[PDB]
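Visitor: Here it is, the structure in full.
Readers should treat all values here as calculations from the given coordinates under stated rules, not as data from a laboratory. Ideal geometry is used to build each Cβ from the backbone, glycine not excepted, and the neighbour counts take in all protein chains shown.
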């Protein structure tokens, strides 16, 4: 699925379009707006990304 | 509560630099410093994050290496006043009053100068008596500050020719090294020491002319029957 | 020369010093090996009898002889329309009785042709045997300095000269000061870099001190007087 972002205006306007949890994934402003979340690695597994 | 603050204020734009916006929810800080001031309509583009404008060089400079949030909001024109006060001390020391301008007008400086404690826009009248060409007015400067530096020199046949410093004006002078008024740029959290004063219209006590003060302009702040105000929030820790 | 440095023994074979009574007085440049261009204010009536004059060329330090080993000036021709009040048309020629054959470090400079298309802020070099800082003595070593050319309109300002520069003269130097010729630097080679060849377009006539603000150097424009020099050279032979 594509990156879900929201816009405000269009047709040669200001267009203050906002995206999700940008730019820093670690120190973000809203961790519940984008699917990439931090999960603690279990026992016997690696880090998926 | 940031939500209540944004709801009770007619927010037009809210962003931040080196810090997120909605991460403040539930976070703790040590201190929050707020700097608010009106926005001129002509120099509105000089408030961006990084610009070589006159506002960021003579009125207020925004730091880039600090986590600071910016808020452009609007205020109704009903029951509002603008306080036009000059924070310069040496300017008001010689009899500086007010701009005496109309309402809904803000003043912004385009060239800020800095002077030392030993400075007096006034010449010793004992030396000006032996001057015939370009004779500036003189008066008695208070103690602690030296008089205006003027020298008597002859070129080919003019015996009484007195040349002083800061000519023609401190804004655009031919020899900035000979004039004590030097160009200065305001820093972080520092005001302008003072504006340029024309020494040719100064001078009883040394009282400069009110129309001799240069280095400032005025501009209205009316937009859609509302005034625009910028606010900088800096969180320490 | 103030603010300059000692001139290294390079290739500047256009500086001949005219000595009278075994003391240095003035200098100039040469264009052809039959004449010497110098100032006219040093050839006044008390300075008559050109037979008691010698010329030294290619000599950096002014100690190589004593009342000998020089070139005797045959005849001196001054400008007929010379005024001692405003110091206008300050160009004089001195003819030597010696052939003065070309040798090492001996090369004249060509006259500027009409239509040079000079830039307003043109860079030039000055040299001479004058004071060091102010009211000094004759410099033992040869020094040089770099100056910039300024327009005549800005030089005729009320705060600089108040319209006292004739169209036959130009202004050069720095408005901030610290770079100017003192008393004793009469004439002096004022050449520029263009088309890989130097052009003498300057001739020191007068000035208001040295290393002072709002007091630039005044030089003579030999381009207007080129036809006069050509006529004198044609009538001499």
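Visitor: Return yes when residue B:100 is in contact with a helix residue (DSSP H, G or I) (Cβ under 8 Å, 6 or more places away or on another chain) and assigned to a loop (DSSP other than H, G, I, E, B) and no when it is not.
Guide: no
Visitor: Taking strands (runs of 3 or more DSSP E) that fall entirely within segment B:1-85, which contain at least 1 residues that are more than 14 Å from chain A (Cβ to nearest Cβ) and surrounded by fewer than 16 Cβ atoms within 10 Å (Cβ to Cβ)?
Guide: Answer list for segment B:1-85: B:31-38, B:68-76.
Conditions tested, residue by residue: (1) within 14 Å of another protein chain (Cβ to nearest Cβ); (2) within 26 Å of residue C:11 (Cβ to Cβ).
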residue	(1), (2)
C:168	no, no
C:178	yes, no
C:185	no, yes
C:220	no, yes
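Visitor: Collect the residues in segment C:115-143 that are part of a strand (DSSP E or B) and within 17 Å of residue C:220 (Cα to Cα), keeping them in residue-number order.
Guide: C:123, C:124, C:125, C:126, C:127, C:128
Visitor: Assigned to a loop (DSSP other than H, G, I, E, B) and either away from chain B (no Cβ under 11 Å) or farther than 20 Å from residue B:153 by Cα (or both), is that true of residue C:193?
Guide: No.
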